[PDB]
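This report refers to the structure that appears directly beneath it.
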Amino acid sequence: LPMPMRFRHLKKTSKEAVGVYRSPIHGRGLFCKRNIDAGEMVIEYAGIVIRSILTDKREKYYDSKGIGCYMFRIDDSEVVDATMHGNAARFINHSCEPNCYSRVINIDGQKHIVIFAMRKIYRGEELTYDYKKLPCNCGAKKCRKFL
Ligand SMILES: Nc1ncnc2c1ncn2[C@@H]1O[C@H](CN(CC[C@H](N)C(=O)O)CC2CN(Cc3ccc(Cl)cc3)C2)[C@@H](O)[C@H]1O
Ligand SMILES: [Zn+2]
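Just so you know, the sequence shown maps onto residues 168 to 299, 308 to 322 in UniProt numbering.
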C-alpha cells in the first residue's frame, strides 16, 4: 500500500497494538500487545519538529524542571521534541538487533517520524530500533556494546 495511504488511523490502531511497560533494557519501553506483521506501520514518533540548534537550550530547560527530555534526531537541522506533545513511541529503546526501524515520511507537506516493523513481531516482545559514549543493554549476540 502507498506510504500516505499507510499513515491511516495510526492513533486508534497503535492504541490496540502497543503498550508501555518496564523494560529490562532501560527504564520503560514499548512492547507489542498483539502480533505485528513484517513491514507494518506501528506508530508515529509524535512531537514537534524543531530546529537542531534549539535542542541544547530546550534539554537544559527540561532538565532544570526535572521533566524527562524525549527527542528524536531527524537530521543535523531538525529534531522531534516528544517531551510535551509526544505519545508511547517516545519510550522505544535502542537495540543492535532491532525489530523496528525509523523513517522520516512526508504526508501532505508535513514531516512525520514513523516506526516500521523489520520482521514479524510477536506478542510480548519489546519494540526496538537502531538509534542514529553510552553502554548498550539490548543483550543481542551481535551487540555493538554502545549506543
Ligand atoms: N539499548 C539501550 N541500552 C542502554 N540504555 C538505553 C538503550 N536504549 C535506550 N536507552 C536509554 O534510553 C534513552 C532514550 N529514552 C527511551 C525511553 C527510556 N527507556 C525511558 O524509560 O524514558 C528516552 C530518554 C528520556 N528518558 C528520561 C529518563 C532517564 C532515566 C530513566 Cl531511569 C528514565 C527516564 C530517557 C537513551 O538516551 C538511553 O539513555
Ligand atoms: Zn546492543
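Where a beta carbon is used, it is the ideal one built from N, C-alpha and C, also for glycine.
- Rounded to whole angstroms, the separation of the alpha carbons of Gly-194 and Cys-311 is 13 Å.
- For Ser-269, no alpha helix (DSSP H) run applies; the uninterrupted beta strand (DSSP E) run containing it begins and ends at 267–274, by DSSP.
- Every beta strand (DSSP E) of 3 residues or more that sits fully in the stretch 203–260 is shown, in chain order, as 208–211, 215–218, 238–240, 245–248.
- In the structure shown, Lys-308 falls within a coil segment according to DSSP collapsed to helix, strand and coil.
- The three-state secondary structure of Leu-168, taken from DSSP, is coil.
- Counting only residues whose CB is nearer than 6 Å to a non-hydrogen atom of ligand 2, the list in chain order is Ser-262, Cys-263, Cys-311, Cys-313, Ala-315, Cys-318, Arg-319.
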